[PDB]
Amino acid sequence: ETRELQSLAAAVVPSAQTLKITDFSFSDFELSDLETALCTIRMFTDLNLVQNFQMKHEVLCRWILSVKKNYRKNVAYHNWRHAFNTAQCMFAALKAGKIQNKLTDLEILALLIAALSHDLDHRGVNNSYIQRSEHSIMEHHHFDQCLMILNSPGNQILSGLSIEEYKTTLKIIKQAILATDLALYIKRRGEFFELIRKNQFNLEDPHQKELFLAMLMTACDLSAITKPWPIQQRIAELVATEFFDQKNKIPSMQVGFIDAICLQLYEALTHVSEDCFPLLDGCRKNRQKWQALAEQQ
């Protein structure tokens, strides 16, 4: 054991409501690492994951500490906090967004783990340890890092699954993490948009289900863009720090990013579940804000 594990295992886990992890407008700026750790336990708990898969408290805690440890603090945006926020957005979409009832337990288990693990060991959009020797290169590496952790002694939060359940969950996890490659999202989204507009969308079809999960991953991954203005400015500042340093051109970049990538996604997601409207809403409000700024710059 480490001190950190000891403290985390021994701590009381406040409720979902006390932790605010059900709010789409959630922010982690004022939280310590330990506090994000507790939030994460609460997520697995209220999703019924500890229950239905018999996770041992000490194993979950060690797992989360392992996941956090394998992000780099030295990377301004792509770090544990971003991973943690992606998972909190998944949680909020499942509960407040009422998507939980559209999915199986194994899908839910896999999305949470995928959300937390999808950028593992990221070195910043600039850094180029993609050699070699020459596709979703980063995402494959994030998934390897995830599997490694899931297989570490003391960390095996899936031990309680049968082999069948386990194989299935692993495949879903892998797909979810690969889905976070924006290049995949752009190739796949057309089909998702067609289905929605032709009123054809059907989650009971395995193919369409898998496509939705992919889209849900992207939605959560990009969710900083949906946050209240003061918070989104701060995050945008971290992103900029990573992109450029590891400035009035920035407001129009954000507008372009919102137009090209974000709006349609959150519009589609709201069609699937009207209770995910808050994401669409916050994204629009942020477009106002950035546009206004761009017109002075």
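Whichever C-alpha set is largest while still superposing within 1.5 Å between the two forms counts as the rigid core. Throughout, we count residues from 1 along the sequence that is shown.
Asker: After superposing on the rigid core, which of 65 to 73 and 229 to 237 has its C-alpha atoms sitting farther from this form in 7 other deposited structures of this protein?
Answerer: Once the core is superposed, the stretch further away in 7 other deposited structures of this protein is 65 to 73.
Asker: Relative to the presented form, and with the rigid core used for superposition, do the C-alpha atoms of 114 to 122 or of 209 to 217 deviate more in 7 other deposited structures of this protein?
Answerer: Comparing 114 to 122 with 209 to 217, the larger C-alpha deviation in 7 other deposited structures of this protein belongs to 114 to 122.
Asker: Report, as yes or no, whether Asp181 is left without coordinates in at least one third of the other compared entries.
Answerer: No; none of the other entries leave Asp181 out.
Asker: Across the other PDB entries of this protein that model residues on both sides of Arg132, is it left without coordinates in at least a third of them?
Answerer: Counting only entries that model residues on both sides, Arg132 is unresolved in at least a third of them.
Asker: Are any deposited residues left out of the model between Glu204 and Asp205, and how many (none, 1 to 3, 4 to 9, 10 or more)?
Answerer: Unresolved stretch here: none.
Asker: I'd like to know the size of any gap between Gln246 and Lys247, counted in deposited residues with no coordinates: none, 1 to 3, 4 to 9, or 10 or more.
Answerer: 10 or more residues lack coordinates between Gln246 and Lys247.
Asker: Comparing 93 to 101 with 196 to 204, which stretch shows the greater average C-alpha B-factor in the deposited entry?
Answerer: The deposited B-factors put 196 to 204 ahead on the C-alpha mean.
Asker: Do the C-alpha atoms of 177 to 185 or of 124 to 132 have the higher average B factor in the entry?
Answerer: Looking at the record's C-alpha B-factors, the answer is 124 to 132.
Asker: Given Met138, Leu116, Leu216, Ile157, identify the residue with the highest C-alpha B factor in the PDB entry.
Answerer: Highest C-alpha B-factor among the listed residues goes to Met138.
Asker: Going by the entry, which third of its chain does the Cα temperature factor of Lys209 land in?
Answerer: It belongs to the highest third of the chain when residues are ordered by C-alpha B-factor.
Asker: Comparing against every modelled residue in the chain, figure out the third that the C-alpha B-factor of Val75 lands in (lowest, middle or highest).
Answerer: CA B-factor rank for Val75: highest third.
Asker: Is the Cα B-factor recorded for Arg234 in the lowest, middle or highest third of its chain?
Answerer: As the PDB entry reports it, the C-alpha B-factor of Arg234 lands in the middle third of its chain.
Asker: Among the chain's modelled residues, which third holds the C-alpha B-factor of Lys56?
Answerer: According to the entry, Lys56 has a C-alpha B-factor in the chain's middle third.
Asker: So where's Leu31 on the chain's Cα temperature factor ranking, which third?
Answerer: Lowest third, going by the recorded CA B-factors of the chain.
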